[PDB]
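Everything below concerns the one structure shown next.
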Amino acid sequence: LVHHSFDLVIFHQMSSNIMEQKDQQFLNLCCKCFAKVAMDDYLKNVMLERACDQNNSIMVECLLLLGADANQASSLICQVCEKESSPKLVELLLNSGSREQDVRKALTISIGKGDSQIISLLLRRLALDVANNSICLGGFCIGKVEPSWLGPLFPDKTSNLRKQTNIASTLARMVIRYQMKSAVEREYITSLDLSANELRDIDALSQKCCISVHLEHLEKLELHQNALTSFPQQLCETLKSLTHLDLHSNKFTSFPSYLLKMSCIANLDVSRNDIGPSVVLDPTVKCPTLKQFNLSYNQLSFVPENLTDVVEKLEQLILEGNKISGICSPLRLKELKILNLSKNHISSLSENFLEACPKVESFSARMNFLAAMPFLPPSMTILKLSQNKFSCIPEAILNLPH
Amino acid sequence: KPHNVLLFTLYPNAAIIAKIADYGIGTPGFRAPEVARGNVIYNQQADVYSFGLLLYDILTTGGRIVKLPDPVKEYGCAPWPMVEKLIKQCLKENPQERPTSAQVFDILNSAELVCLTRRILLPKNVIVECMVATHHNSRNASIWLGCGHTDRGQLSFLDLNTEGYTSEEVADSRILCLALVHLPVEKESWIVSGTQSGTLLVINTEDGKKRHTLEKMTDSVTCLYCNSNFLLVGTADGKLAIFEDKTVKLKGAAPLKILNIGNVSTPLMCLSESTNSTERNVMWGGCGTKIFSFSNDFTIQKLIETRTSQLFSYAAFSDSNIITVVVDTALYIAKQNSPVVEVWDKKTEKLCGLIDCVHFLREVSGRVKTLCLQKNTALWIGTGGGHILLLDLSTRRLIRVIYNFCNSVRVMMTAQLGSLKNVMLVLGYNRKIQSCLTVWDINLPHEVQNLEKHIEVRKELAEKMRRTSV
Amino acid sequence: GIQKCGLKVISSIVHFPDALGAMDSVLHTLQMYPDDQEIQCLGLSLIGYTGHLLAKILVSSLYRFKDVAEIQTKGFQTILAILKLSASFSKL
Ligand SMILES: Cc1ccc(C(=O)Nc2ccc(CN3CCN(C)CC3)c(C(F)(F)F)c2)cc1C#Cc1cnc2cccnn12
């Protein structure tokens with residue numbers, strides 16, 4: 001029966017406004033027949049496959065409630081998403097159990113046939129944790145990014161809860177009863193991980209569709225291991241509440257100075273890019289909230305200039321790995337706490353280059369050609385000068401009080 | 001060590017999160033004492049001690065890294081009592097007392113481990129009948145447990161952030177019901193209780209001396225409710241007084257209106273509200289076997305009879321009185337000393353479904369004690385035999401049966417803490433009499449379902465991996 | 001209703017070189033409009049060169065009427081062209 005044509009007539013009659021009609025005995029017989037064919041649950045899986053091959057989300061819910069392995073088969077979710085389907089159907093399939101690998105393959109499919117609705121439906125399952133208030137799109141290889149996708153992911157407090165229909169659940173309840181009788185007889189999102197998605201630009205985030213009002217409350221944006229080249233300035237001013245911005249392992253070529261215009265930026269990380277050959281921070285920009293700065297493994301050939309006037313209260317200045325020739329301009333960061341110039345080309349530090357930084361505690365200068373150590377602040381606690389040509393312990397380090 | 005635990009993601013609902021690694025580069029901080037003594041080879045039964053140390057570090061969030069102390073005391077962290085017991089288990093000196101690895105994983109597989117948040121014992125062990133949470137979202141996240149211990153009443157006050165409590169006797173006789181009312185416009189908050197003397201007393205939470213006494217009734221007050229206004233009152237002779245929220249500030253206040261829903265042969269036990277917002281103007285109450293509803297005008301708008309239940313259900317359980325009424329799309333009814341739950345509809349005023357908790361329980365006395373609902377379509381059934389049931393309102397089926405944590409569940413409130421998080425307090429008995437107040441995470445049913453699906457997916461992955469390797 | 005004259009304008013523009021996708025649009029219209037749009041669905045040229053739904057729609061449109069002389073020959077020319085484009089089309 002289910003082999004030849006049972007679905008083609010049953011779904012047609014039960015979905016053609018079978019409710020809202022004084023056909024109580026009629027529905028009773030159809031549900032009796034349903035409970036009769038409900039045995040041999042393999043057949044139920046066949047019915048689900050046929051009910052998904054067509055776009056009839058009214059009865060798929062009933063099949064799922066009676067118990068149908070949504071991970072039966074090109075799995076079901078990839079099939080439904082390949083052909084043009086309805087958001088209700090993919091939602092009902094995601095709510096029921098379906099393998100994560102299948103959902104990932106379905107996301108790739110829906111990425112191919114660009115459809116914001118199914119994309120958001122899937123990302124709300126793969127990469128959203130409401131407890132943490134974080135989007136976790138890390139490593140999905142989404143070659144692009146569109147605000148129309150991340151739209152419904154953000155809470156969007158205007159939305160509410162409404163039971164659109166209940167006919168499927170009641171239908172499921174009565175067929176289950178008949179089978180039993182036959183047997184007896186605020187809270188915004190504060191993170192957005194887009195790392196390692198093989199991006200190439202984020203220009204599509206500008207006056208975004210309902211995402212602009214939500215980016216104003218972001219407090220972290222991991223964009224690392226992508227391949228960007230710039231950071232859109234309109235995004236810099238929109239992100240009015242960031243504290244942690246990550247841009248390492250991208251492909252940058254010059255430091256965007258306007259990054260330091262963000263109202264609350266406090267941990268900037270542009271490392272392992274090809275930035276160079278010199279970072280010049282513009283004196284008109286005053287960033288008193290930047291309490292970390294990682295310019296490691298770039299191609300810098302100087303210390304970032306104007307660092308005292310611009311990044312006033314800096315704590316950790318990490319310039320490891322760059323090719324810095326040799327310091328000549330004294331740092332004036334009154335609040336520095338950890339300097340790191342390891343793996344550079346320095347051969348001699350200027351005799352008063354660290355005298356005007358009275359809070360230095362850590363100072364790493366490995367893998368240089370250092371031979372003499374100049375006057376150091378007395379607060380220096382850790383001092384890691386390794387692999388760097390000292391013929392004798394300097395006299396300036398034997399007098400460090402702590 | 002944590003140095004050997006790699007993380008492949010940070011999304012909680014991921015199939016693969018943590019892995020193990022041995023870089024091949026024991027450690028003093030992370031070794032068993034038997035291993036430190038140079039006694040024998042490492043052995044399986046010492047890895048469990050190392051794993052207990054790792055669990056301690058995860059619980060304390062790496063605090064120890066930067067004879068083990070109390071995790072909650074030495075460092076700041078939420079209790080998580082099931083894991084504290086597991087830690088104290090797998091860190092015992094005698095290695096024969098350490099659980100085997102399969103057992104450790106088996107007890108790490110329970111949703112009651114993730115969801116149980118705080119478990120507080122009461123040392124006095126007094127029979128605690130009622131309790132009311134503090135509707136204040138301030139630092140005074142506390143309860144106001146009412147109980148009966150003498151010819152007069154017993155008044156506890158258990159603070160959550162402190163886990164210590166103060167007891168008092170400020171009523172003239174035992175109390176049966178509590179209620180709290182907070183008027184932010186006047187910044188006044190009062191705790192009103194129903195005393196078996198046959199009166200009502202007010203105690204202002206701002207000052208322990210600001211006390212009043214209210215109008216007297218011939219029987220003992222059995223239930224109270226505050227609607228957010230008007231203060232609902234309920235006696236045992238079928239009386240329904242309304243108290244204005246503001247008028248009760250003064251002593252000897254007057255009831256704005258009084259209805260006699262019923263008679264002395266029928267007590268009024270439960271008053272509730274409709275969960276759906278479209279029906280926010282109906283309050284339901286059970287006077288004996290009458291499921292009556294009265295509108296915002298305090299006039300009865302429907303009057304069902306429950307004596308019809310004996311025609312289908314057993315007469316023995318039918319001729320009891322109503323305990324609770326859980327208002328939703330369908331009315332949920334619990335009757336005294338009855339293991340069966342009745343489901344009614346508002347419109348047709350007739351029975352729609354029955355729930356035989358004995359089936360679920362025997363599948364594992366089974367007397368029903370309390371009913372609670374969450375808008376997530378999970379109705380929590382607290383059975384007097386000390387077992388909680390989780391029913392899904394869409395299918396009316398079992399989710400999981402929670403037991404072996406108390407012997408007799410007394411009451412079960414839903415409440416919020418000062419961290420804006422919603423929890424479900426379960427005050428249960430422990431007759432070895434001892435009263436234990438477990439504070440469950442409101443997401444217990446979702447946790448059960450998600451963890452089941454998650455462990456099944458991981459089992460499938462491991463099975464497939466074993467097959468392709470062979 | 002305007003989709004008929006819209007497909008007429010489409011038939012007008014397909015003669016221009018480098019008409020390139022518009023195949024999904026006209027496919028959705030044909031799935032929406034069974035009779036009138038299919039009468040001009042002969043304008044469907046080599047587009048998309050893998051969705052089985054498109055071929056199913058084509059054959060189902062041909063069979064649903066199966067009594068109009070011109071649409072039969074037009075659809076046969078179309079299916080001949082697309083099978084010449086891909087031999088895997090014959091399997092499906
Ligand atoms: C490159 C690499 C090489 C080797 C191993 C390794 O752990 N091998 C291993 C050797 C033996 C054993 C079993 N023995 C246990 C001891 N026992 C005394 C004898 C039996 C096991 C075990 F997993 F089964 F336990 C593993 C791991 C890595 C890694 C990595 C990696 C990947 N991502 C990151 C990110 C940061 C850092 N590392 N990292």
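Lettering and numbering for the structure tokens are positional, with chains as A, B, ... in the shown order, residues counted from 1 in each chain, and ligands counted from 1 in the shown order.
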
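Taking only C-alpha atoms and all ligand atoms into account, the residues that come within 10 Å of ligand 1 are residues 3, 4, 5, 6, 7, 8, 19, 20, 21, 22, 23, 24, 25 and 42 of chain B.
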
Worksheet item: Taking only C-alpha atoms into account, what are the residues of chain B at most 9 Å from chain A, put as a PyMOL selection string?
Response: chain B and resi 9-15+394-396+453+457

Worksheet item: For chain C, which residues have at least one atom within 9 Å of chain A, if we go by only C-alpha atoms? Write them as a list in words, please.
Response: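 Only these qualify: residues 51, 52 and 53 of chain C.
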
Discussion item. Could you list, as a ChimeraX atom specification, every residue within 7 Å of residue A:325, counting only C-alpha atoms and ignoring same-chain residues fewer than 5 positions away?
Written reply: /A:301-302,345-346

Selected residues written out with N, CA and C atoms, as an mmCIF file, in the first residue's frame:
data_model
loop_
_atom_site.group_PDB
_atom_site.id
_atom_site.type_symbol
_atom_site.label_atom_id
_atom_site.label_comp_id
_atom_site.auth_asym_id
_atom_site.auth_seq_id
_atom_site.Cartn_x
_atom_site.Cartn_y
_atom_site.Cartn_z
ATOM 1 N N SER A 301 60.054 47.362 10.772
ATOM 2 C CA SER A 301 61.479 47.648 10.848
ATOM 3 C C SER A 301 61.789 48.787 11.806
ATOM 4 N N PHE A 302 60.810 49.217 12.591
ATOM 5 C CA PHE A 302 61.000 50.186 13.658
ATOM 6 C C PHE A 302 60.034 49.834 14.772
ATOM 7 N N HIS A 345 66.236 42.102 15.277
ATOM 8 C CA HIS A 345 67.594 42.315 14.803
ATOM 9 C C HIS A 345 68.360 43.304 15.660
ATOM 10 N N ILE A 346 67.861 43.610 16.857
ATOM 11 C CA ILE A 346 68.502 44.600 17.713
ATOM 12 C C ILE A 346 69.900 44.149 18.089
#

Worksheet item: Would you give me, as a VMD selection string, the residues in stretch 91-225 of chain B that DSSP reads as strand (DSSP E)?
Response: chain B and resid 116 to 122 146 to 148 153 to 158 165 to 168 175 to 183 188 to 195 199 to 204 211 to 213 221 to 225

Practice prompt. Considering only C-alpha atoms, return as JSON, numbers by chain whatever protein or nucleic-acid residues lie within 10 Å of residue A:72, sequence-local ones (same chain, fewer than 4 positions apart) excluded.
Written response: {"A": [42, 45, 46, 48, 49, 68, 76, 98]}

Next, dump the selected residues to file, keeping only N, CA and C atoms, as a JSON list (two decimals), in the first residue's frame.
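As a result, selection_1.json now contains:
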[["chain", "number", "residue", "atom", "x", "y", "z"],
["A", 42, "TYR", "N", 10.04, 1.08, 9.63],
["A", 42, "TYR", "CA", 10.72, 1.32, 8.36],
["A", 42, "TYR", "C", 9.79, 1.99, 7.36],
["A", 45, "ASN", "N", 9.61, 5.60, 8.04],
["A", 45, "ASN", "CA", 10.75, 6.30, 7.47],
["A", 45, "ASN", "C", 10.55, 6.55, 5.98],
["A", 46, "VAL", "N", 9.96, 5.58, 5.27],
["A", 46, "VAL", "CA", 9.62, 5.79, 3.86],
["A", 46, "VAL", "C", 8.62, 6.93, 3.72],
["A", 48, "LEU", "N", 8.21, 9.44, 5.71],
["A", 48, "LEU", "CA", 8.91, 10.69, 5.99],
["A", 48, "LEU", "C", 9.71, 11.14, 4.78],
["A", 49, "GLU", "N", 10.44, 10.21, 4.16],
["A", 49, "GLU", "CA", 11.20, 10.54, 2.96],
["A", 49, "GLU", "C", 10.30, 11.08, 1.86],
["A", 68, "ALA", "N", 10.08, 8.98, 14.08],
["A", 68, "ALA", "CA", 10.67, 8.69, 12.78],
["A", 68, "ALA", "C", 12.13, 9.12, 12.81],
["A", 76, "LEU", "N", 18.42, 13.31, 5.02],
["A", 76, "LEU", "CA", 17.16, 13.99, 4.76],
["A", 76, "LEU", "C", 17.35, 15.50, 4.65],
["A", 98, "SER", "N", 19.22, 15.18, 14.23],
["A", 98, "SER", "CA", 19.83, 14.95, 12.94],
["A", 98, "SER", "C", 21.32, 15.20, 13.08]]

Discussion item. Considering only alpha helix (DSSP H) as DSSP defines it on the backbone, what residues of chain C qualify? List them as a ChimeraX atom specification.
Written reply: /C:3-13,23-32,36-39,52-65,69-85,88-91

Discussion item. Taking 5 positions as the minimum chain separation for residues in the same chain, which residues sit within 10 Å of stretch 198-208 of chain A when counting only C-alpha atoms? Answer as a PyMOL selection string.
Written reply: chain A and resi 139-148+151+213-215+223-235+238+250-251

Discussion item. I'd like the contact shell of stretch 372-388 of chain A - 8 Å cut-off, only C-alpha atoms, skipping same-chain residues fewer than 2 positions apart - returned as a ChimeraX atom specification.
Written reply: /A:348-352,354-355,357-370,390,394,396-397,400-402

Written selection (N, CA and C atoms) as a JSON list (two decimals), in the first residue's frame:
[["chain", "number", "residue", "atom", "x", "y", "z"],
["A", 348, "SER", "N", 71.95, 46.80, 19.93],
["A", 348, "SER", "CA", 72.31, 47.69, 21.02],
["A", 348, "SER", "C", 71.13, 48.60, 21.32],
["A", 349, "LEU", "N", 70.68, 48.61, 22.57],
["A", 349, "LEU", "CA", 69.57, 49.45, 23.00],
["A", 349, "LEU", "C", 70.10, 50.79, 23.48],
["A", 350, "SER", "N", 69.39, 51.86, 23.14],
["A", 350, "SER", "CA", 69.84, 53.20, 23.49],
["A", 350, "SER", "C", 69.93, 53.34, 25.00],
["A", 351, "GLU", "N", 70.92, 54.12, 25.45],
["A", 351, "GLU", "CA", 71.31, 54.15, 26.85],
["A", 351, "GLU", "C", 70.25, 54.75, 27.76],
["A", 352, "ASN", "N", 69.20, 55.34, 27.22],
["A", 352, "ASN", "CA", 68.12, 55.88, 28.03],
["A", 352, "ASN", "C", 66.77, 55.58, 27.40],
["A", 354, "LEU", "N", 64.65, 53.02, 28.09],
["A", 354, "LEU", "CA", 63.65, 52.50, 29.01],
["A", 354, "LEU", "C", 63.59, 53.27, 30.32],
["A", 355, "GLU", "N", 64.36, 54.35, 30.45],
["A", 355, "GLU", "CA", 64.41, 55.09, 31.70],
["A", 355, "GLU", "C", 63.08, 55.77, 32.02],
["A", 357, "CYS", "N", 60.06, 54.64, 31.43],
["A", 357, "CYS", "CA", 58.99, 53.67, 31.68],
["A", 357, "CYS", "C", 59.24, 53.04, 33.04],
["A", 358, "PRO", "N", 58.68, 53.60, 34.11],
["A", 358, "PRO", "CA", 59.05, 53.17, 35.46],
["A", 358, "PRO", "C", 58.33, 51.93, 35.96],
["A", 359, "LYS", "N", 57.41, 51.35, 35.20],
["A", 359, "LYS", "CA", 56.64, 50.22, 35.70],
["A", 359, "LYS", "C", 56.97, 48.90, 35.02],
["A", 360, "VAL", "N", 58.04, 48.83, 34.23],
["A", 360, "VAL", "CA", 58.36, 47.61, 33.51],
["A", 360, "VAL", "C", 58.71, 46.50, 34.49],
["A", 361, "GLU", "N", 58.11, 45.34, 34.29],
["A", 361, "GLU", "CA", 58.39, 44.16, 35.09],
["A", 361, "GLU", "C", 58.99, 43.04, 34.26],
["A", 362, "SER", "N", 58.35, 42.68, 33.16],
["A", 362, "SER", "CA", 58.87, 41.69, 32.24],
["A", 362, "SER", "C", 59.53, 42.39, 31.08],
["A", 363, "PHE", "N", 60.62, 41.81, 30.60],
["A", 363, "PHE", "CA", 61.31, 42.36, 29.44],
["A", 363, "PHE", "C", 62.01, 41.22, 28.73],
["A", 364, "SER", "N", 61.49, 40.83, 27.58],
["A", 364, "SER", "CA", 62.04, 39.72, 26.83],
["A", 364, "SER", "C", 62.75, 40.26, 25.61],
["A", 365, "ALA", "N", 64.01, 39.86, 25.44],
["A", 365, "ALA", "CA", 64.81, 40.32, 24.32],
["A", 365, "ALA", "C", 65.62, 39.17, 23.75],
["A", 366, "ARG", "N", 65.01, 37.99, 23.63],
["A", 366, "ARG", "CA", 65.71, 36.83, 23.12],
["A", 366, "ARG", "C", 66.11, 37.03, 21.66],
["A", 367, "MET", "N", 66.99, 36.13, 21.18],
["A", 367, "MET", "CA", 67.35, 35.99, 19.77],
["A", 367, "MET", "C", 67.63, 37.31, 19.07],
["A", 368, "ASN", "N", 68.32, 38.20, 19.76],
["A", 368, "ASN", "CA", 68.87, 39.40, 19.17],
["A", 368, "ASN", "C", 70.39, 39.29, 19.15],
["A", 369, "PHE", "N", 71.06, 40.37, 18.75],
["A", 369, "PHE", "CA", 72.51, 40.49, 18.82],
["A", 369, "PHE", "C", 72.95, 41.42, 19.95],
["A", 370, "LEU", "N", 72.23, 41.39, 21.06],
["A", 370, "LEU", "CA", 72.52, 42.26, 22.19],
["A", 370, "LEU", "C", 73.87, 41.93, 22.81],
["A", 390, "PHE", "N", 75.98, 37.70, 24.94],
["A", 390, "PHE", "CA", 76.56, 38.44, 26.07],
["A", 390, "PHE", "C", 77.85, 37.77, 26.51],
["A", 394, "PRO", "N", 76.03, 41.83, 32.45],
["A", 394, "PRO", "CA", 76.19, 43.28, 32.55],
["A", 394, "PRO", "C", 76.12, 43.76, 33.99],
["A", 396, "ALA", "N", 74.63, 46.50, 34.83],
["A", 396, "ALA", "CA", 73.34, 47.14, 35.03],
["A", 396, "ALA", "C", 72.27, 46.18, 35.52],
["A", 397, "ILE", "N", 72.50, 44.88, 35.40],
["A", 397, "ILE", "CA", 71.53, 43.89, 35.84],
["A", 397, "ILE", "C", 71.88, 43.29, 37.19],
["A", 400, "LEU", "N", 69.77, 45.25, 40.05],
["A", 400, "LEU", "CA", 68.31, 45.30, 40.06],
["A", 400, "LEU", "C", 67.81, 44.95, 41.45],
["A", 401, "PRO", "N", 67.04, 45.82, 42.10],
["A", 401, "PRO", "CA", 66.63, 45.55, 43.49],
["A", 401, "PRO", "C", 65.77, 44.31, 43.65],
["A", 402, "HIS", "N", 64.83, 44.05, 42.74],
["A", 402, "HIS", "CA", 63.93, 42.90, 42.86],
["A", 402, "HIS", "C", 63.94, 42.14, 41.54]]
